[PDB]
Structure formats: structure tokens, C-alpha cells
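First, one chain by itself in C-alpha cells, the form deposited in one PDB entry.
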């Protein structure tokens, strides 16, 4: 028995979601679907693939005409980034796996937000200055995390790329990079050589780096990664990268591990992360103000000396003020995957790249309630004095549960959304008096789940409804169990069950 909520089924998988001007932009395989916010009805679509690959057919130059070729290969366009620029003339910047991870700006016509096909420009400018570099080569097909920030009157792009040995002539990709988009909007550009920090070519395969989440807070950029503990190490880590939010380069770069213990068993692999403010009750228990940015992270146990999750999940909260306090404390190593583990730089003491010796540890807020499921999505919100967590399963179950340390909480919403796992990429929209919705991706389906009300629909009879946990605020409305505001009739009680 399941709920009827606005859904949308795409012809291919959904990779990234964006919400802009009452329009849902989906980043799908070979498509960019454009839905309507209210009903999730496909208003437009843009065909992004398949795209034909040829060792001479360069990026941003079409070759549908070169179909019958001695070395031709049909590739799929898997969306890696989807960014909405509103600083310059409103445009959707989209990036795919193909064309050497080139991006494209879909300029919106002045009165039609749904028109994604009219103005489309490919961000590529042939590098004459130093043909040894590629700033228009943003994204990797392996894994990519893009973060847009207007800073010093320019649109800066912080990038996290997953690499392999695959060497490229004149077109390489960078591990962590900061590039500013030119006002001519024809290309990007790295200001200095400092602007990027790559894994040494020896380690490109031995050391795979998964960039789980990226965010900006308190004048700093932060990246959340899944990498090895050390070069020679056989086991996997979750790290918190941080660097002074500047345009010219990656300054005051630092990486520290994060530990999610259960009191000393470790859930070493971050599956999803969400940064939000805390509700009053939990704020008190984590030592945070109502206005403190908090990194909530859903972690998983890794198969011994592997990186794949184990269906044993947890969730711990990292108040960024505390995360920052750790970085501002003095011991410390050199960045072993970027610098040489043996090089002269590592032994000395902006300019340098720090790796932290110890970790920041936090206990599972759910106290092992999820140690027998695989949590893949997280989104947090505030209800009154409460902090509710929206959680997705690898099994395709979506659940809402109260985040508190003052005794464990059972989820008040729990149901199968689809069969396919839940996507970490979520959307939380907020409306007046704490009641919006989430956007949950499950393969080729995107679902619009309301923040408060689903708890009530789990009660079939008035008697069942009348004895619901008080916080869900459930009442009977003639023939249904719903919140006060959802009852448009006047027959709302939490005390009476008339005859039937």
C-alpha cells in the first residue's frame, strides 16, 4: 500500500536535478528534461546524445556527417554537471561525459524559462597561449563535482574530478581546480598554476578519488571525498577538503579525515551529505546555534579493504564551526598523492598542501538504527523545534525520521518509492511556515514528496489516526488522516471517531 504524489518517468536515467524559476531541469542520459514545478509534466527536452567520438573530431565541433568512418564510436551523454547562471544573462550551463567533458550554455529567452533549445553555445576556445592545457575540459566521465560561485565580479567553478591513467594529448583533466569563466563566455581560464592540484601520474589508478559533495560556507570552499587512507594503504577513507575561497587559486589547502563511529566500529564511506541549519532541540545536543551551518553525512561500512558499501549505514553531524576549529589547531603531513611522499617540500617549516594526521570523530545520531540498511540519500529540514531527516535506501525506500540524540526515533514515514536505489542528488524547496517538498530521484523517476504530511497518510482508519504520535499532528477529515491545513472541510478532530 503506497502514496500518490507528483512523479515523472524519463526514458533514460536521471543524474542531476536543478530547480530554477518554477521549472525542474533534469540532467539525464542523452537528454535534459524540463519539467513544471507544480505537476512534474515534461514541458521541454533537449537531445544531448548519443554523440559520436573520433580521434580527429574535436570538442564543440559537430560530426554527424563523419558517421561512416574507419575509427568511429557511438557514446552516451551522461550528465555530470548542471549549473544555473543568473549573474550573466540567465543560462543553464550543462556538462556531459562525452566531448572530453566540455560544457554548454543554454541561454534562456527573456520570457520563456522552458526554452532550452533556442540559444545553445558550446564553451570552447582553442588554447593558443599554452596548447599544453584545457580549461574548457571541465568534467570527467568517471566522477565530477562542480561548484559555481560569483566572486571578485567573476563566475568561478570549483571542480572535483575522478581520474585514471588514460593520458591525453593536449586535453587533460584536473583533480581539484578553480577556473573563472571569461566575460566573453567563450571559455574558462586558470589564473595561476596553483589553481589545480592533481594526483601524481604514478598513482592515477592505484588512488581513485570519489568527490561525494561540495559546498561553500563561511568564506571557504569545502569538498567531501572518498579516497584511500594513505598511498600504500589497502583501506578506504572519507575526507573534508577546505581552501580559502579565492579566484586566483586554491590557497590554504587542507585535507582532514572524517570518522563516523558507533560506540569502535567505523562507517568509513560517505554515501550522501547535506548542509543545513539545526532545529532547536538537536542544536542544544550538538552544541550549535540555530544559525550554525551543519554538515549532516550518511556513512556506510566498507567490505574489508575495499570501497564498496556494506548495507550497514549510520549518520553523523559535523557543525562547520567545529570542523573549522580543527583546521585552525596545531602534527601535520604533506599532501602525499599530489607532492612526492619522499620529496624535500614534505620536510621544512597558501604555498603548501596540508594532509591531516588525525580525524574528526562523531557518533551515529541514529545509534545504529540503520546498521542493517544502505542509506544513499540525505536531506534535512526544520519543523518547529524538530530536525527531520529525509532518507533514501539502496532498496528504493524513502523515510522521514526525527534527528535526536535524546533517545532513538523510529521513522514516521517509510515506504517503497521505486525498486531502483535512491539518488544522493536531492532538492529541498521551502515555502511559508516550514512546509515545502523534496525532489527524490530513483533511476528514471523523479518524485515530489512534501516535507510534512506523509506521516498522516499511513493511517487507514479514524481510530488508528486518532492514536498517532502527537508530533506528526494527524487528524481525521471525514474519510482521510491528514494535517490540519490539508483538511479543507472543517471536520477535523484528534478526539472523535463518528459511527461508520
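Residue numbers count along the first chain shown, from 1.
FYI, the form deposited in another entry isn't displayed, but the following is about it.
When one rigid part turns against another between the shown form and the other one, the hinge among 198, 454, 107, 473 maps to 454.
Here's the thing about residue 451 and residue 471: their CA atoms end up at least 3 Å closer in the other entry than they are in this form. Compared with the form shown here, the Cα atoms of residue 475 and residue 38 move at least 3 Å farther apart in the other entry.
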